[PDB]
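Engineer: So here's model_21.txt (compact mmCIF, C-alpha atoms and all ligand atoms).
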# COMPACT_ATOMS: atom_id res chain seq x y z
CA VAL A 2 164.76 131.22 117.45
CA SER A 3 164.67 131.13 113.61
CA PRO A 4 167.34 129.36 111.69
CA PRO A 5 169.08 130.76 108.62
CA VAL A 6 167.65 130.37 105.17
CA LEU A 7 169.91 127.98 103.27
CA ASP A 8 170.96 128.04 99.64
CA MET A 9 170.74 124.98 97.43
CA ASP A 10 174.19 123.87 98.72
CA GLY A 11 172.88 123.95 102.29
CA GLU A 12 174.89 127.10 103.09
CA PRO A 13 173.29 130.06 104.96
CA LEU A 14 172.11 132.92 102.81
CA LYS A 15 174.55 135.83 103.28
CA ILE A 16 173.56 139.51 103.06
CA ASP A 17 174.89 141.53 100.14
CA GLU A 18 175.91 138.56 98.01
CA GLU A 19 174.37 137.46 94.74
CA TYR A 20 171.87 134.63 94.56
CA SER A 21 169.60 133.52 91.71
CA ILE A 22 166.05 132.69 92.70
CA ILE A 23 165.15 129.39 91.03
CA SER A 24 161.78 127.61 90.71
CA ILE A 25 162.07 124.26 92.41
CA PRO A 26 161.48 121.33 92.43
CA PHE A 27 158.64 120.84 89.91
CA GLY A 28 159.72 122.83 86.87
CA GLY A 29 159.96 126.46 85.79
CA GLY A 30 162.93 128.81 85.53
CA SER A 31 164.55 131.70 87.32
CA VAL A 32 163.30 134.97 88.56
CA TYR A 33 164.45 137.92 86.42
CA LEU A 34 163.87 141.61 85.75
CA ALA A 35 161.70 142.35 82.71
CA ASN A 36 160.33 145.49 81.10
CA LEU A 37 156.56 145.25 81.17
CA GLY A 38 155.48 148.12 78.91
CA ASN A 39 158.38 149.93 77.26
CA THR A 40 159.01 151.88 80.52
CA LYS A 41 162.28 153.76 80.73
CA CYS A 42 163.69 151.26 83.27
CA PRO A 43 162.48 147.65 83.54
CA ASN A 44 160.36 147.20 86.73
CA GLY A 45 158.80 143.74 86.38
CA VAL A 46 159.79 141.02 88.82
CA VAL A 47 158.89 137.90 86.79
CA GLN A 48 159.54 134.21 86.55
CA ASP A 49 160.84 132.56 83.37
CA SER A 50 158.30 129.72 82.95
CA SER A 51 160.53 128.50 80.17
CA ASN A 56 166.52 134.67 81.59
CA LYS A 57 167.97 135.20 85.04
CA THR A 58 168.66 138.26 87.23
CA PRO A 59 170.37 137.63 90.56
CA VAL A 60 169.35 139.37 93.76
CA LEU A 61 170.97 140.75 96.90
CA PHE A 62 169.39 140.57 100.37
CA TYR A 63 169.73 143.24 103.09
CA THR A 64 168.63 143.24 106.72
CA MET A 65 170.89 146.04 108.08
CA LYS A 66 171.12 144.26 111.43
CA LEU A 67 174.37 144.24 113.31
CA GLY A 68 175.24 140.77 114.57
CA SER A 69 173.27 138.92 111.93
CA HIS A 70 175.26 138.10 108.72
CA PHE A 71 172.64 135.71 107.41
CA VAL A 72 169.01 135.96 106.34
CA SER A 73 166.95 134.01 108.85
CA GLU A 74 163.54 132.46 108.29
CA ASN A 75 160.83 135.06 108.89
CA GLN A 76 163.33 137.93 109.16
CA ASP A 77 162.39 141.23 107.47
CA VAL A 78 164.53 141.61 104.37
CA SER A 79 164.91 144.14 101.54
CA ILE A 80 165.72 142.74 98.10
CA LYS A 81 167.53 144.29 95.12
CA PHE A 82 168.24 142.90 91.68
CA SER A 83 172.00 143.02 90.98
CA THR A 84 173.36 145.25 88.20
CA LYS A 90 173.31 153.50 84.06
CA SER A 91 170.11 155.57 84.31
CA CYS A 92 168.39 152.63 86.11
CA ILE A 93 170.83 152.30 89.00
CA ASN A 94 168.12 153.28 91.51
CA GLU A 95 165.45 151.07 89.90
CA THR A 96 166.38 147.65 91.27
CA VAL A 97 164.85 147.63 94.76
CA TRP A 98 161.92 145.28 95.13
CA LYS A 99 158.64 146.46 96.56
CA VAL A 100 154.95 145.53 96.50
CA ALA A 101 152.26 147.67 94.80
CA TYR A 102 148.57 147.36 93.96
CA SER A 103 147.36 147.06 90.42
CA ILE A 104 143.83 146.23 89.18
CA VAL A 105 143.69 143.07 87.08
CA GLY A 106 141.68 140.28 85.50
CA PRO A 107 138.13 140.08 84.17
CA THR A 108 136.73 141.05 87.59
CA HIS A 109 139.00 144.17 87.79
CA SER A 110 140.19 143.11 91.26
CA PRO A 111 143.13 144.60 93.12
CA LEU A 112 146.30 142.53 93.28
CA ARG A 113 149.66 143.56 94.71
CA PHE A 114 152.55 142.77 92.33
CA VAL A 115 156.26 142.61 93.16
CA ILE A 116 158.05 145.31 91.13
CA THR A 117 161.21 147.37 91.38
CA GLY A 118 161.25 151.10 92.20
CA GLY A 119 161.51 150.91 95.97
CA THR A 120 163.68 153.50 97.74
CA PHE A 121 166.23 151.47 99.68
CA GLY A 122 166.28 152.34 103.36
CA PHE A 123 166.10 151.36 106.96
CA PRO A 124 162.70 149.95 107.90
CA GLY A 125 159.92 152.30 108.92
CA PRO A 126 156.43 153.60 108.13
CA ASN A 127 157.75 155.44 105.10
CA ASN A 128 158.81 152.25 103.29
CA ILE A 129 156.49 149.46 104.28
CA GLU A 130 156.30 148.36 100.69
CA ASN A 131 159.97 147.22 100.67
CA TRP A 132 159.88 144.44 103.26
CA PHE A 133 159.72 140.71 102.50
CA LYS A 134 160.11 137.46 104.45
CA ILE A 135 161.40 134.02 103.46
CA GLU A 136 159.71 131.01 105.03
CA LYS A 137 160.42 127.28 104.75
CA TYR A 138 157.94 125.59 102.42
CA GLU A 139 157.70 121.82 102.24
CA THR A 140 158.04 120.23 98.80
CA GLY A 141 159.90 117.00 99.60
CA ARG A 142 163.06 118.61 98.16
CA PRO A 143 165.53 120.18 100.63
CA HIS A 144 166.05 123.97 100.60
CA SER A 145 162.71 124.99 99.16
CA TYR A 146 161.15 128.23 100.49
CA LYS A 147 158.38 130.72 99.81
CA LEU A 148 158.54 134.45 99.73
CA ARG A 149 156.00 136.32 101.82
CA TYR A 150 154.71 139.82 102.51
CA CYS A 151 154.05 140.35 106.22
CA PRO A 152 156.25 143.02 107.72
CA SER A 153 157.05 142.98 111.47
CA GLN A 154 154.50 145.16 113.29
CA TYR A 155 157.19 147.52 114.68
CA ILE A 156 157.91 148.77 111.16
CA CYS A 157 154.49 150.47 111.10
CA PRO A 158 152.81 150.22 114.46
CA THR A 159 149.50 151.62 113.13
CA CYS A 160 149.44 149.29 110.07
CA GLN A 161 147.12 146.36 109.92
CA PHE A 162 148.93 144.37 107.25
CA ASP A 163 147.12 142.20 104.81
CA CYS A 164 149.71 139.44 104.89
CA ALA A 165 150.08 137.18 101.85
CA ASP A 166 152.45 134.61 100.44
CA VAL A 167 154.11 135.34 97.13
CA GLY A 168 153.07 133.35 94.10
CA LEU A 169 152.84 133.79 90.35
CA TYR A 170 150.05 135.41 88.31
CA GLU A 171 150.06 135.62 84.55
CA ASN A 172 149.64 139.22 83.46
CA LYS A 173 151.05 141.61 80.78
CA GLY A 174 152.45 138.50 79.08
CA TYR A 175 154.60 137.46 82.04
CA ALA A 176 154.51 135.20 85.03
CA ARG A 177 154.58 138.04 87.57
CA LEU A 178 155.45 137.62 91.25
CA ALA A 179 152.30 138.57 93.09
CA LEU A 180 150.74 138.61 96.53
CA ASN A 181 148.02 136.11 95.55
CA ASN A 182 148.67 133.99 98.67
CA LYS A 183 149.33 130.95 96.45
CA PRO A 184 152.92 130.15 97.41
CA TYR A 185 155.29 129.33 94.63
CA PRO A 186 158.33 127.39 95.86
CA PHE A 187 161.81 128.77 95.22
CA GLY A 188 165.41 128.03 96.04
CA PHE A 189 168.50 130.20 96.13
CA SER A 190 171.54 129.38 94.02
CA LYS A 191 174.71 131.31 94.99
CA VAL A 192 176.27 132.99 91.96
CA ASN A 193 179.87 133.30 93.25
CA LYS A 194 181.06 130.36 95.33
CA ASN A 195 184.49 131.24 96.74
CL CL B 1 172.56 144.37 105.20
CL CL B 2 177.80 142.09 112.31
CL CL B 3 150.24 150.28 96.51
What's the structure tokens form of this structure?
Structural biologist:
Amino acid sequence: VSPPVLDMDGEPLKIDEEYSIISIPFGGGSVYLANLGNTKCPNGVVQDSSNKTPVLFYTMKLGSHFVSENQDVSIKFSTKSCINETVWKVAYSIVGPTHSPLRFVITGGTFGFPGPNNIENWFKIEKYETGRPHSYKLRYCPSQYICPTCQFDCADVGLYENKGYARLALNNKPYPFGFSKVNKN
């Protein structure tokens, strides 16, 4: 049984509530939404190395209010033409001097219930030891049932400098984050 992901106050991460994703504990800033190449709507999921755009987590699972470790979760940046351009997903690009494929985290997912049609939407949060409480890593490894014929190339989420930004990327080099609740009530 997997316990809930906890925010930096030690409180379980609740679905559909705003949290900022913060680089901890060794420096760096927040995750935010950036425009990478004068596109109509910004689609870059980036880290401010040293800007903040909170996120909302969704599992659409009756009986589970919280995001648990290793639970499939869909992620949106919080907020007029760009209202449907906030849903996180993963997508291949070709990068670097070796022109090698790398999957970046970007917006432009179509929010939905999990299935073969939207494999790109699904993330996991795992505990990641740093010596500081409440540090985690993001990960791409969707539950097999979401696409039974998929053989996923699972990878932890890290950062890769590209297009002038520290971009969230499936480079399998975990970058530790914590979750800071925006509205404590
Ligand atoms: Cl939900
Ligand atoms: Cl419920
Ligand atoms: Cl792709």
Engineer: Just the number, please: distance in Å from atom CA of residue 8 of chain A to atom CA of residue 170 of chain A, one decimal.
Structural biologist: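 Separating atom CA of residue 8 of chain A from atom CA of residue 170 of chain A is a distance of 24.9 Å.
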Engineer: Go through A:111, A:141, A:158, A:118 one by one, measure the shortest atom-to-atom distance of each to residue 45 of chain A using only C-alpha atoms, and give the residue with the smallest value.
Structural biologist: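 Smallest separation from residue 45 of chain A among the options: A:118.
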Engineer: Mind dumping a table of every chain A residue within 6 Å of ligand CL 1 (chain B), with the nearest atom pair and its distance in Å to one decimal, using only C-alpha atoms and all ligand atoms, sorted by chain and rising number, as JSON lines?
Structural biologist:
{"residue": "A:16", "atom": "CA", "partner": "B:CL1", "partner_atom": "CL", "distance": 5.4}
{"residue": "A:63", "atom": "CA", "partner": "B:CL1", "partner_atom": "CL", "distance": 3.7}
{"residue": "A:64", "atom": "CA", "partner": "B:CL1", "partner_atom": "CL", "distance": 4.4}
{"residue": "A:65", "atom": "CA", "partner": "B:CL1", "partner_atom": "CL", "distance": 3.7}
Engineer: Take the residues from that selection and put them in a file with C-alpha atoms, as a short mmCIF file (atom, residue, chain, number, x, y, z; two decimals), in the coordinates of the input.
Structural biologist:
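Output saved as out-v6.cif:
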data_model
loop_
_atom_site.label_atom_id
_atom_site.label_comp_id
_atom_site.auth_asym_id
_atom_site.auth_seq_id
_atom_site.Cartn_x
_atom_site.Cartn_y
_atom_site.Cartn_z
CA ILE A 16 173.56 139.51 103.06
CA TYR A 63 169.73 143.24 103.09
CA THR A 64 168.63 143.24 106.72
CA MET A 65 170.89 146.04 108.08
#
Engineer: Check which residues fall inside 7 Å of ligand CL 2 (chain B) when counting only C-alpha atoms and all ligand atoms, and print them as a PyMOL selection string.
Structural biologist: chain A and resi 67-70
Engineer: Of the candidates A:7, A:169, A:100, A:115, which shows the shortest atom-to-atom distance to residue 73 of chain A, using all atoms listed in the file?
Structural biologist: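 Of all the options, A:7 lies closest to residue 73 of chain A.
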Engineer: Determine the nearest neighbour of ligand CL 3 (chain B) from the options A:181, A:120, A:103, A:131, counting all atoms listed in the file.
Structural biologist: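 Ranking A:181, A:120, A:103, A:131 by distance to ligand CL 3 (chain B), first place goes to A:103.
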Engineer: How would you report the residues lying within 9 Å of ligand CL 3 (chain B), as JSON, numbers by chain, if you count only C-alpha atoms and all ligand atoms?
Structural biologist: {"A": [100, 101, 102, 103, 113, 114, 130]}
Engineer: Give me, please, the distance in Å between atom CA of residue 164 of chain A and atom CA of residue 133 of chain A, quoted to one decimal.
Structural biologist: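 Atom CA of residue 133 of chain A lies at a distance of 10.4 Å from atom CA of residue 164 of chain A.
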